[PDB]
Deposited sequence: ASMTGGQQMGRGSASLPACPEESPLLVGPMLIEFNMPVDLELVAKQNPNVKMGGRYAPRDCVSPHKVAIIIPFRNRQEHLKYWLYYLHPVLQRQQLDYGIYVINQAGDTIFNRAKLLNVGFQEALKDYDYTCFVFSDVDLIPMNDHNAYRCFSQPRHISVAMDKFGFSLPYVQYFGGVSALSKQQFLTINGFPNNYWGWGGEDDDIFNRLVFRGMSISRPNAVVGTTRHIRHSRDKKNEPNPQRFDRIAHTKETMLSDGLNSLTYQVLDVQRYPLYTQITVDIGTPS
């Protein structure tokens, strides 16, 4: 019964998952130690199973600016999880250059476009750097519909702010992201960019996929520095096709590949 054969696809659900995890942010993290503890993660924070092929080719995009301690906790907790989930993944920290108002959604668009230059990713997880999953059955990859991953956040009492809430951590396949023309580029701290994204999905006929709440619990990291739904539905319809990936403009000032992640420093301009 011999002959040349391809590696099998990885199983529908990984047999390596452990379920609940204790998430704490009160101890120091040393990334050199984390790298040594995750020897299979390659330069730039890249990993893929050795014994099976994953259909999940995921770029994990993290909007960022001056929050190194949070990022260290993020890397410490997620790398082991992402490997147990048997994903073919890469970590991208999109660092906003300058001191102008932070623009989360625009940095996510940057991450989508830059990660694609590195590899043919077909799934994108957009994650704030201060959100950590409490259960590894919460899959960091894409589904038949846009996926909302951080569904029961401790900062919100482990309950969804509202059924249309799409903030924190989410995942869109390449097809899903492209069809909504990505995310809006003009929410300069205005708040509600996630609601605009939700409106884009609905308008294109998509719905929200969510893991069961029991495994969707996430912890939020506090920093020395419940949400309500913003409207702008009519604005989204009017603006989505002219404001997003197609109109995205930015300058890449630095690209650093570290053992556990790639950091792309970009100048995304100032509010126009």
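The chain's deposited sequence has unresolved stretches at 1-9, 235-240, with no C-alpha coordinates there.
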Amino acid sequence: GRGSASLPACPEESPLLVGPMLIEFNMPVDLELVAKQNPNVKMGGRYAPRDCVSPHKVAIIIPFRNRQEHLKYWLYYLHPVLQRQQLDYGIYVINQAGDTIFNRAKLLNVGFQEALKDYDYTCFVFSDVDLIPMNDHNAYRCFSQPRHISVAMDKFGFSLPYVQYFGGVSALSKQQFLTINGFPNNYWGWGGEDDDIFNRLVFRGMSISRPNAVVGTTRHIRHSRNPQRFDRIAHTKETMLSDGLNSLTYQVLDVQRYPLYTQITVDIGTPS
From here on, numbers count along this sequence of modelled residues.
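Note that the rigid core is defined as the largest set of C-alphas that superpose within 1.5 Å between two forms.
In terms of root mean square C-alpha deviation after superposing on the rigid core in 6 other deposited structures of this protein, the stretch standing farther out between 102-110 and 187-195 is 187-195. Between 58-66 and 229-237, the larger mean CA deviation from the shown form in 6 other deposited structures of this protein, after core superposition, belongs to 229-237. The stretch 21-29 shows the higher mean C-alpha B-factor when 21-29 is compared against 8-16 in the entry. 157-165 and 72-80 differ in mean CA B-factor, and the higher of the two is recorded for 157-165. Across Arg210, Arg204, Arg46, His235, the greatest Cα temperature factor reported in the deposited entry is at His235.
Residue-level inspection of the entry shows that, of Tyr89, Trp188, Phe124, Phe183, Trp188 has the top Cα B-factor. The deposited CA B-factor of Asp196 belongs to the middle third of values across its chain. Placement of the Cα temperature factor of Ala97 within the chain: highest third of the modelled residues, per the deposited record.
Ranked within its chain, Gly216 lands in the middle third, by CA B factor from the PDB record.
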